[PDB]
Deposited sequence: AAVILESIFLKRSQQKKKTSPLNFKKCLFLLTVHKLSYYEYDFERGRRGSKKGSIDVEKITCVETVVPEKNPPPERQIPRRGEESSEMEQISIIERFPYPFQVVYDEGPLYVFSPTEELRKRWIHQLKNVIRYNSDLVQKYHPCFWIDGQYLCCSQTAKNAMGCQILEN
């Protein structure tokens, strides 16, 4: 239906092999009451490009922040505390969140804490009446075949931490 939120975020790739390197791609994300979808962004024409994927909101089980990477590259470094800066808002993406569904977690990186908060609040609103909402989550990333939080080697492993 109507677009609730539209933003440019980094999306982390779904790791095929535990030894394989991770890719972070800049995409346009759209949220409606029915779907969360992501697209290539056509910078030159200033519009969304081809659709890369879509998740029916009814399939989402959890939306929360993720503990940040311990040694991120400059593109994902958190700035020191304290009017929108045009360059940084499309170049730096330090604030990650996770959208958990049928196929496991999707990791998305926001340029600001405020924008991450807006997306987590709205996603929690659209999923509020879902039937498979979980009570537990993984506070840390699934990286190189295991969760950094609990060392579990299954992506579908029940969250190690109870949601507050």
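> Which deposited-sequence positions, grouped into ranges, are missing C-alpha coordinates?
Residues lacking C-alpha coordinates: 83 to 86, 169.
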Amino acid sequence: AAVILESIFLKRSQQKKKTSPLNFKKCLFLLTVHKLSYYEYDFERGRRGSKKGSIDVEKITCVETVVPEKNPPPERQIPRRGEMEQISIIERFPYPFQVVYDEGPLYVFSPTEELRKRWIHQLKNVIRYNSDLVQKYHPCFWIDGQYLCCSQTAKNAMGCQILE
From here on, numbers count along this sequence of modelled residues.
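> Please work out which of 139 to 147 and 20 to 28 has the higher mean CA B-factor as recorded in the PDB entry.
Mean C-alpha B-factor is greater for 20 to 28.
> Do the C-alpha atoms of 64 to 72 or of 110 to 118 have the higher average B factor in the entry?
The recorded data point to 64 to 72.
> With respect to the C-alpha temperature factors reported in the PDB entry, which of 124, 35, 51, 45 ranks highest?
Answer, based on the entry's C-alpha B-factors: 45.
> Could you tell me which third, lowest, middle or highest, the C-alpha B-factor of residue 99 occupies within its chain?
CA B-factor rank for residue 99: lowest third.
> Looking at the entry's B-factor column for C-alpha atoms only, identify whether residue 84 ranks in the lowest, middle or highest third of its chain.
Top third by C-alpha B-factor.
> For the chain shown, is the CA B-factor of residue 157 in the lowest, middle or highest third of its modelled residues?
Its C-alpha B-factor, which the entry lists for residue 157, ranks in the highest third among residues of this chain.
> Quick check on the deposited entry: does the C-alpha B-factor of residue 163 sit in the lowest, middle or highest third of its chain?
CA B-factor rank for residue 163: highest third.
> How does residue 8 rank on Cα B-factor within its chain, lowest, middle or highest third?
For residue 8, the deposited C-alpha B-factor lands in the lowest third.
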